[PDB]
Amino acid sequence: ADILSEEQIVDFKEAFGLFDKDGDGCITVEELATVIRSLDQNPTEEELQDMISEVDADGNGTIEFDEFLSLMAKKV
Ligand SMILES: [Mg+2]
Ligand SMILES: [Mg+2]
């Protein structure tokens, strides 16, 4: 139970808008995937499978704003 960090909201947003031009706003599973590799982190993939598959409400198999925030709320 936590919330993203302000300064961290901008940092990620900047990288999001840079990697997201389609303007579609939302992103797929692959988009974030790669971004995960570039990010100097080491998160368990097993989780993503559980979350993404347990978060994808739209059922389109794609990540979105809320969907992304929810993943962090639990993960973080
Ligand atoms: Mg996109
Ligand atoms: Mg979705």
# chains A, B, ... in the order shown; residues from 1 in each chain; ligands from 1
$ residues_around --residues "region 36-47 of chain A" --least-positions-apart "3" --cutoff "12 Å" --atoms "only C-alpha atoms" --output "PyMOL selection string"
chain A and resi 11-12+15-16+19+29-33+50-55+71-72+74-76
$ write_last_selection --atoms "N, CA and C atoms" --output "CSV table (one decimal), in the first residue's frame"
chain,number,residue,atom,x,y,z
A,11,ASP,N,9.6,11.7,-14.2
A,11,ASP,CA,10.7,11.0,-14.8
A,11,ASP,C,10.1,9.9,-15.7
A,12,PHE,N,9.2,9.1,-15.2
A,12,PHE,CA,8.6,8.0,-15.9
A,12,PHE,C,7.8,8.6,-17.1
A,15,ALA,N,9.8,9.5,-20.0
A,15,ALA,CA,10.3,8.3,-20.8
A,15,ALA,C,9.1,7.7,-21.5
A,16,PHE,N,7.9,7.9,-20.9
A,16,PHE,CA,6.7,7.3,-21.5
A,16,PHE,C,6.3,8.1,-22.8
A,19,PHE,N,8.8,7.4,-25.6
A,19,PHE,CA,8.6,6.0,-26.2
A,19,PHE,C,7.2,5.9,-26.7
A,29,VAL,N,1.8,-4.8,-23.9
A,29,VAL,CA,2.6,-5.5,-22.9
A,29,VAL,C,4.1,-5.4,-23.4
A,30,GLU,N,4.3,-5.5,-24.7
A,30,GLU,CA,5.7,-5.5,-25.2
A,30,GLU,C,6.3,-4.2,-24.9
A,31,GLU,N,5.6,-3.1,-25.3
A,31,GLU,CA,6.2,-1.7,-25.0
A,31,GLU,C,6.9,-1.6,-23.7
A,32,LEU,N,6.1,-1.8,-22.6
A,32,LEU,CA,6.7,-1.8,-21.3
A,32,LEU,C,7.8,-2.8,-21.1
A,33,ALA,N,7.5,-4.0,-21.7
A,33,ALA,CA,8.5,-5.1,-21.5
A,33,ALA,C,9.9,-4.5,-21.8
A,50,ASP,N,1.4,-12.7,-13.8
A,50,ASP,CA,0.2,-12.8,-12.8
A,50,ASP,C,-0.5,-11.5,-12.8
A,51,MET,N,0.2,-10.4,-12.7
A,51,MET,CA,-0.5,-9.1,-12.6
A,51,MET,C,-1.1,-8.7,-13.9
A,52,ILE,N,-0.3,-8.6,-15.0
A,52,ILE,CA,-0.8,-8.2,-16.3
A,52,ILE,C,-2.1,-9.1,-16.6
A,53,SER,N,-2.0,-10.4,-16.4
A,53,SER,CA,-3.1,-11.3,-16.6
A,53,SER,C,-4.2,-11.1,-15.6
A,54,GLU,N,-3.8,-10.6,-14.4
A,54,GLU,CA,-4.8,-10.3,-13.3
A,54,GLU,C,-5.1,-8.8,-13.2
A,55,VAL,N,-4.7,-8.1,-14.2
A,55,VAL,CA,-5.0,-6.6,-14.2
A,55,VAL,C,-5.6,-6.2,-15.5
A,71,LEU,N,-0.6,-1.9,-10.8
A,71,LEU,CA,0.5,-2.8,-10.7
A,71,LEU,C,1.6,-2.3,-9.7
A,72,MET,N,1.8,-1.0,-9.7
A,72,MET,CA,2.8,-0.4,-8.8
A,72,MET,C,2.3,-0.4,-7.4
A,74,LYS,N,0.5,-2.4,-5.8
A,74,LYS,CA,0.7,-3.7,-5.2
A,74,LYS,C,2.2,-4.1,-5.2
A,75,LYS,N,2.8,-3.9,-6.4
A,75,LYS,CA,4.3,-4.2,-6.5
A,75,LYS,C,5.1,-3.4,-5.5
A,76,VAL,N,5.0,-2.0,-5.6
A,76,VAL,CA,5.7,-1.1,-4.8
A,76,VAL,C,5.3,-1.3,-3.3
$ select_by_dssp --residues "region 4-74 of chain A" --states "strand (DSSP E or B)" --output "PDB file with N, CA and C atoms, in the first residue's frame"
ATOM      1  N   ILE A  27      -0.525   1.659 -23.637  1.00  0.00           N
ATOM      2  CA  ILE A  27       0.531   0.889 -24.290  1.00  0.00           C
ATOM      3  C   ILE A  27       0.249  -0.609 -24.169  1.00  0.00           C
ATOM      4  N   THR A  28       0.953  -1.400 -24.973  1.00  0.00           N
ATOM      5  CA  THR A  28       0.794  -2.848 -24.959  1.00  0.00           C
ATOM      6  C   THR A  28       1.690  -3.472 -23.900  1.00  0.00           C
ATOM      7  N   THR A  62      -3.368  -5.581 -22.983  1.00  0.00           N
ATOM      8  CA  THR A  62      -2.520  -4.391 -23.092  1.00  0.00           C
ATOM      9  C   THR A  62      -2.506  -3.626 -21.774  1.00  0.00           C
ATOM     10  N   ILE A  63      -1.413  -2.911 -21.523  1.00  0.00           N
ATOM     11  CA  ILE A  63      -1.277  -2.131 -20.296  1.00  0.00           C
ATOM     12  C   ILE A  63      -1.863  -0.735 -20.487  1.00  0.00           C
TER      13      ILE A  63
END
$ atom_distance --atom1 "CA of residue 4 (chain A)" --atom2 "CA of residue 35 (chain A)"
17.7 Å
$ closest_residue --among "A:5, A:57, A:48, A:65" --to "residue 26 (chain A)" --atoms "only C-alpha atoms"
A:65
$ residues_near_ligand --ligand "ligand 2" --cutoff "7 Å" --atoms "only C-alpha atoms and all ligand atoms" --output "CSV table (one decimal) with N, CA and C atoms, in the first residue's frame"
chain,number,residue,atom,x,y,z
A,56,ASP,N,-5.2,-6.8,-16.6
A,56,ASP,CA,-5.8,-6.5,-17.9
A,56,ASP,C,-7.4,-6.7,-17.9
A,57,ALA,N,-8.0,-5.6,-17.5
A,57,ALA,CA,-9.5,-5.6,-17.4
A,57,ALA,C,-10.1,-5.5,-18.8
A,58,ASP,N,-9.6,-4.6,-19.6
A,58,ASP,CA,-10.1,-4.4,-20.9
A,58,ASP,C,-10.1,-5.8,-21.7
A,59,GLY,N,-9.2,-6.7,-21.3
A,59,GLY,CA,-9.2,-8.0,-21.9
A,59,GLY,C,-8.5,-7.9,-23.2
A,60,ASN,N,-7.9,-6.8,-23.5
A,60,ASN,CA,-7.2,-6.6,-24.8
A,60,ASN,C,-5.7,-7.0,-24.7
A,61,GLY,N,-5.3,-7.5,-23.5
A,61,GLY,CA,-4.0,-7.9,-23.3
A,61,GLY,C,-3.0,-6.8,-23.5
A,62,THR,N,-3.4,-5.6,-23.0
A,62,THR,CA,-2.5,-4.4,-23.1
A,62,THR,C,-2.5,-3.6,-21.8
A,63,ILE,N,-1.4,-2.9,-21.5
A,63,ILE,CA,-1.3,-2.1,-20.3
A,63,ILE,C,-1.9,-0.7,-20.5
A,64,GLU,N,-2.3,-0.1,-19.4
A,64,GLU,CA,-2.9,1.2,-19.4
A,64,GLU,C,-2.5,2.0,-18.2
A,67,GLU,N,-4.2,0.6,-15.0
A,67,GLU,CA,-3.6,-0.7,-14.9
A,67,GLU,C,-2.1,-0.6,-14.5
$ select_by_dssp --residues "chain A" --states "helix (DSSP H, G or I)" --output "PyMOL selection string"
chain A and resi 6-19+29-38+45-55+65-75
$ write_last_selection --atoms "N, CA and C atoms" --output "CSV table (one decimal), in the first residue's frame"
chain,number,residue,atom,x,y,z
A,6,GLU,N,6.3,11.8,-6.6
A,6,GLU,CA,6.1,12.9,-7.5
A,6,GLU,C,7.2,13.0,-8.6
A,7,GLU,N,8.4,13.4,-8.1
A,7,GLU,CA,9.5,13.5,-9.0
A,7,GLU,C,9.7,12.2,-9.9
A,8,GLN,N,9.2,11.1,-9.4
A,8,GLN,CA,9.3,9.9,-10.1
A,8,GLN,C,8.1,9.8,-11.2
A,9,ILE,N,7.1,10.5,-10.9
A,9,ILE,CA,5.9,10.5,-11.8
A,9,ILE,C,6.3,11.2,-13.1
A,10,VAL,N,7.1,12.3,-13.0
A,10,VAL,CA,7.6,13.1,-14.1
A,10,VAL,C,8.7,12.3,-14.9
A,11,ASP,N,9.6,11.7,-14.2
A,11,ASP,CA,10.7,11.0,-14.8
A,11,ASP,C,10.1,9.9,-15.7
A,12,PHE,N,9.2,9.1,-15.2
A,12,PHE,CA,8.6,8.0,-15.9
A,12,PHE,C,7.8,8.6,-17.1
A,13,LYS,N,7.0,9.6,-16.8
A,13,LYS,CA,6.1,10.2,-17.8
A,13,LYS,C,7.0,10.7,-19.0
A,14,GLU,N,8.1,11.3,-18.7
A,14,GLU,CA,9.0,11.8,-19.7
A,14,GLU,C,9.4,10.6,-20.6
A,15,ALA,N,9.8,9.5,-20.0
A,15,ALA,CA,10.3,8.3,-20.8
A,15,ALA,C,9.1,7.7,-21.5
A,16,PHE,N,7.9,7.9,-20.9
A,16,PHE,CA,6.7,7.3,-21.5
A,16,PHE,C,6.3,8.1,-22.8
A,17,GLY,N,6.3,9.4,-22.7
A,17,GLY,CA,5.9,10.2,-23.8
A,17,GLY,C,6.9,10.1,-24.9
A,18,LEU,N,8.2,9.9,-24.5
A,18,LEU,CA,9.3,9.7,-25.5
A,18,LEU,C,9.1,8.4,-26.3
A,19,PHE,N,8.8,7.4,-25.6
A,19,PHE,CA,8.6,6.0,-26.2
A,19,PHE,C,7.2,5.9,-26.7
A,29,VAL,N,1.8,-4.8,-23.9
A,29,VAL,CA,2.6,-5.5,-22.9
A,29,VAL,C,4.1,-5.4,-23.4
A,30,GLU,N,4.3,-5.5,-24.7
A,30,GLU,CA,5.7,-5.5,-25.2
A,30,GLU,C,6.3,-4.2,-24.9
A,31,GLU,N,5.6,-3.1,-25.3
A,31,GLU,CA,6.2,-1.7,-25.0
A,31,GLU,C,6.9,-1.6,-23.7
A,32,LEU,N,6.1,-1.8,-22.6
A,32,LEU,CA,6.7,-1.8,-21.3
A,32,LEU,C,7.8,-2.8,-21.1
A,33,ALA,N,7.5,-4.0,-21.7
A,33,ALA,CA,8.5,-5.1,-21.5
A,33,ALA,C,9.9,-4.5,-21.8
A,34,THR,N,10.2,-4.1,-23.0
A,34,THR,CA,11.5,-3.6,-23.4
A,34,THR,C,11.9,-2.5,-22.4
A,35,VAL,N,11.0,-1.6,-22.2
A,35,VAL,CA,11.4,-0.5,-21.3
A,35,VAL,C,11.9,-1.0,-19.9
A,36,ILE,N,11.4,-2.2,-19.6
A,36,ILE,CA,11.8,-2.9,-18.3
A,36,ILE,C,13.2,-3.3,-18.4
A,37,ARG,N,13.7,-3.7,-19.6
A,37,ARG,CA,15.0,-4.1,-19.8
A,37,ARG,C,16.0,-2.9,-19.7
A,38,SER,N,15.6,-1.8,-20.3
A,38,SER,CA,16.5,-0.6,-20.2
A,38,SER,C,16.5,-0.1,-18.8
A,45,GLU,N,9.8,-11.6,-13.5
A,45,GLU,CA,8.9,-11.7,-14.7
A,45,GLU,C,7.6,-12.4,-14.3
A,46,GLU,N,7.7,-13.5,-13.5
A,46,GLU,CA,6.6,-14.3,-13.1
A,46,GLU,C,5.5,-13.3,-12.6
A,47,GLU,N,5.8,-12.3,-11.8
A,47,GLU,CA,4.8,-11.4,-11.3
A,47,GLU,C,4.1,-10.7,-12.5
A,48,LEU,N,4.8,-10.1,-13.4
A,48,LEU,CA,4.2,-9.4,-14.5
A,48,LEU,C,3.1,-10.3,-15.1
A,49,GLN,N,3.4,-11.6,-15.3
A,49,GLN,CA,2.5,-12.5,-15.9
A,49,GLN,C,1.2,-12.6,-15.1
A,50,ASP,N,1.4,-12.7,-13.8
A,50,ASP,CA,0.2,-12.8,-12.8
A,50,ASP,C,-0.5,-11.5,-12.8
A,51,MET,N,0.2,-10.4,-12.7
A,51,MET,CA,-0.5,-9.1,-12.6
A,51,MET,C,-1.1,-8.7,-13.9
A,52,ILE,N,-0.3,-8.6,-15.0
A,52,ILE,CA,-0.8,-8.2,-16.3
A,52,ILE,C,-2.1,-9.1,-16.6
A,53,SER,N,-2.0,-10.4,-16.4
A,53,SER,CA,-3.1,-11.3,-16.6
A,53,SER,C,-4.2,-11.1,-15.6
A,54,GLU,N,-3.8,-10.6,-14.4
A,54,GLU,CA,-4.8,-10.3,-13.3
A,54,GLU,C,-5.1,-8.8,-13.2
A,55,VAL,N,-4.7,-8.1,-14.2
A,55,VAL,CA,-5.0,-6.6,-14.2
A,55,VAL,C,-5.6,-6.2,-15.5
A,65,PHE,N,-3.0,3.3,-18.2
A,65,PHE,CA,-2.6,4.1,-17.0
A,65,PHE,C,-3.0,3.4,-15.7
A,66,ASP,N,-4.3,3.5,-15.4
A,66,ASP,CA,-4.7,2.8,-14.1
A,66,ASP,C,-4.1,1.5,-14.0
A,67,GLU,N,-4.2,0.6,-15.0
A,67,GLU,CA,-3.6,-0.7,-14.9
A,67,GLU,C,-2.1,-0.6,-14.5
A,68,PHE,N,-1.4,0.4,-15.0
A,68,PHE,CA,0.0,0.6,-14.6
A,68,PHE,C,0.1,1.0,-13.2
A,69,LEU,N,-0.8,1.9,-12.7
A,69,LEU,CA,-0.7,2.4,-11.4
A,69,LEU,C,-1.1,1.3,-10.4
A,70,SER,N,-2.1,0.5,-10.7
A,70,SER,CA,-2.5,-0.6,-9.9
A,70,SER,C,-1.3,-1.6,-9.7
A,71,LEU,N,-0.6,-1.9,-10.8
A,71,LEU,CA,0.5,-2.8,-10.7
A,71,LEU,C,1.6,-2.3,-9.7
A,72,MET,N,1.8,-1.0,-9.7
A,72,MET,CA,2.8,-0.4,-8.8
A,72,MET,C,2.3,-0.4,-7.4
A,73,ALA,N,1.0,0.0,-7.2
A,73,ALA,CA,0.4,0.0,-5.9
A,73,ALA,C,0.7,-1.3,-5.1
A,74,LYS,N,0.5,-2.4,-5.8
A,74,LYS,CA,0.7,-3.7,-5.2
A,74,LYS,C,2.2,-4.1,-5.2
A,75,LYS,N,2.8,-3.9,-6.4
A,75,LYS,CA,4.3,-4.2,-6.5
A,75,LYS,C,5.1,-3.4,-5.5
